[PDB]
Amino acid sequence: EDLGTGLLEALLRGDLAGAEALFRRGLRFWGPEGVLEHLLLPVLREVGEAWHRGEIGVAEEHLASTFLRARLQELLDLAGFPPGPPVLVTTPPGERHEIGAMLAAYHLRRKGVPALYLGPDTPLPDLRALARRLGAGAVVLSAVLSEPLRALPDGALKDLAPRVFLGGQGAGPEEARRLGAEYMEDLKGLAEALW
């Protein structure tokens, strides 16, 4: 059974009940991390590709994307949330794509790290202020597009927390170096990189 085609088709026809049932079949088959890798991310990528090819309009993407963000938020709220100093997770100013940051928070919480997901697009002064006030051990940023990072001045990220991690499709090792962050490729390596 092709859950990815089935789920995208259900979303494009506005069949949210079918879509929710199909996502849950994927959760049961692949497990929590696995459903994100094998179902949620492939469908979001395909939605993007269909839009880029001119095949679907913006409303159709929004319908699918909004639904999948809700499913990941549901999973995130069911993960543990330890006491202790938090890790703040957001996206750079100008970055409205939020699912990468949500995935980072999720992977962290599933390994017993109290990741606070702020939502996207947080001005750096306000992010630093909050990280310092809460005694955050780290700040994690997800960059989906490269332009928001290119807009930032050299060293912009270095003072945000004791550790500052940057990843996503829009990020790369050279950009992380210019901005003063540690570049991280894999979500699984985040908790490890802390412990």
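Just count from 1 along the sequence shown to find any residue number. Whichever C-alpha set is largest while still superposing within 1.5 Å between the two forms counts as the rigid core.
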Higher-deviation stretch (C-alpha RMS, rigid core fit) in 6 other deposited structures of this protein, choosing from 89-97 and 76-84: 76-84
Higher-deviation stretch (C-alpha RMS, rigid core fit) in 6 other deposited structures of this protein, choosing from 127-135 and 51-59: 51-59
Selected stretch [higher average CA B-factor]: 146-154 or 64-72: 146-154
Mean Cα B-factor comparison, 170-178 or 19-27, giving the higher one as deposited: 170-178
Which of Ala79, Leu103, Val113, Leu118 ranks first by CA B-factor in the deposited coordinates: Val113
For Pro123, the third of its chain into which the C-alpha B factor falls: lowest
Third of the chain's Cα B-factor distribution that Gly54 belongs to, per the entry: middle
Third of chain Cα B-factors occupied by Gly34: middle
Ranked against its chain, the third holding the CA B-factor of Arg132: middle
Third of the chain's Cα B-factor distribution that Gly94 belongs to, per the entry: middle
